[PDB]
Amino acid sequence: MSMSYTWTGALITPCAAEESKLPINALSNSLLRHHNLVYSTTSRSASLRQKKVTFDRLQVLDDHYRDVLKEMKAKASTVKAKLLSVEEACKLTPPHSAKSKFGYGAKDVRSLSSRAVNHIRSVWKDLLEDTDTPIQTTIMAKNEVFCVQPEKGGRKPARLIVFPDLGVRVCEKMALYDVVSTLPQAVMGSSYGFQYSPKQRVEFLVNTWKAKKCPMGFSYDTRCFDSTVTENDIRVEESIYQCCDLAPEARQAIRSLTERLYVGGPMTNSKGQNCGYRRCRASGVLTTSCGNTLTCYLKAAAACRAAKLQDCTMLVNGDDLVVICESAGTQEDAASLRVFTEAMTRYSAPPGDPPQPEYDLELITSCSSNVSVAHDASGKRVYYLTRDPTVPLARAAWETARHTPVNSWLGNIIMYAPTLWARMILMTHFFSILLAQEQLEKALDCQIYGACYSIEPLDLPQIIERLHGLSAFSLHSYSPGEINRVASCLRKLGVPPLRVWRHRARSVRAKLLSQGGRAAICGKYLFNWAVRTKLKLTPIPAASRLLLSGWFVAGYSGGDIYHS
């Protein structure tokens, strides 16, 4: 019976200026024309989110819980993690990461400046000596762009982000980076989502579904998961980590960060005021993704048992959960789901929207996406992942009319390269603007599984072939429902129909070829679809020449991570 937060009454304030509406760009209109449906969240709506994330939590454990837990620990005891040298940790820090409140920022930290490495060592030392004093944190209102839509009733309030000082963040890396990059797959195997790349996730979902006599799957939407995490859940996560083979120093740092940071602590707004007290999951620490994934999996696996699901397979990504199993008849399936929901609720994890059995894999949404079909060169049936393009396009627009240090369009192109909208619009629109400014060589940052990466457009052809397979460049004969969903979206926002883009694609793939080099390798592989005349595409040379491990190994959302 512990509230997830307590509030002092002080407002959540912003630091920088917050743009609510879309500007007045002319390229932005080349993408979207209904600019009034696009919008960003601001600290103005922060109090509404506060209401939502604030509630009492009731939790009642049971034998199924302890059993699964015990099983997890067993698997964890087979994991050995190392500490990260201050230097190593410092490098995993993002150039733009929020500056330390102790005078010094990201570059200072990244360049191993004296001052920074000093404070960091002090903070570390302090963790080893003090194990109880709650570490201070800052709470801001996130600013993300969405599309207005009355079906839901208007606008979504801003999300909240709770994080500790830069000094602390580096310590987290040192004491837990190896754990959160290895412990997950160790305990849950195939159920751990972040070990898969697009091509792998698709293959995993499809195969699991087809392995069932009569498949039945459901996604579980938890009402504000982070707020449902209890102090006991976080302490349990800690015990799991401790099952690892660690250094005595790492153990003490983990216990201290757990008791002083993870379980809870005071929060101040940007103006340094006492905002409230947190007794749930911090949204902006290193263990957020790892912790939610472990806790979601724990409750869900125990819930499955109370529900008696048959031959069930789980796929967990943070709080995002999808379960596939053998059906026991439609009525039994519904009842089993209501029990699963009852056990989750008991484990302190009720749902927002109630789960519903689904018997069509393509009608299931997990990780904001669904499986769909298309065909390859030899007309072979190819499965891929997609989603409604609305948000991606509203954001793709916004980033065209306003500068964003971290875009999303490029990320979406990487995550959804095989989709119709990605290939024909995003790809087209962006190589267009690039060319009109000569920046095809300039790298830009985008996030993948929460981690930051500096990527160069010129490499998409390889990146893409790696993540989705060569077929991704020749997919055709997309399912009508998918083709319909898109065109429906375009007409809703003001985006020229696929035809207007099929035009530009040639008009663009042209200027790209009459440039050879790398810009050529692209315009050929990425736009082979926009030409009746189709030249044969084969394994790209430097498709292998490039390290891509770090990419799909674990989740780091909210973890302030950067990879090179």
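Each residue number is its position in the shown sequence, starting from 1.
549-557 and 17-25 differ in mean CA B-factor, and the higher of the two is recorded for 17-25.
Per-stretch averaging of Cα B factors for 73-81 and 279-287 places 73-81 on top.
Taking the PDB entry at face value, the top CA B factor among 461, 264, 354, 164 belongs to 461. Ranking 379, 392, 134, 450 by Cα temperature factor from the entry places 379 first.
Ranked by C-alpha B-factor against the other modelled residues of its chain, residue 260 falls in the lowest third.
Residue 65: CA B factor lies in the middle third for its chain, per the PDB record. Annotation for residue 38: C-alpha temperature factor in the highest third relative to the rest of the modelled chain, per the entry. Among the modelled residues of its chain, residue 231 has a C-alpha B-factor that falls in the lowest third, as given in the PDB entry. Remark: residue 103 belongs to the highest third of its chain, ranked by C-alpha B-factor as recorded.
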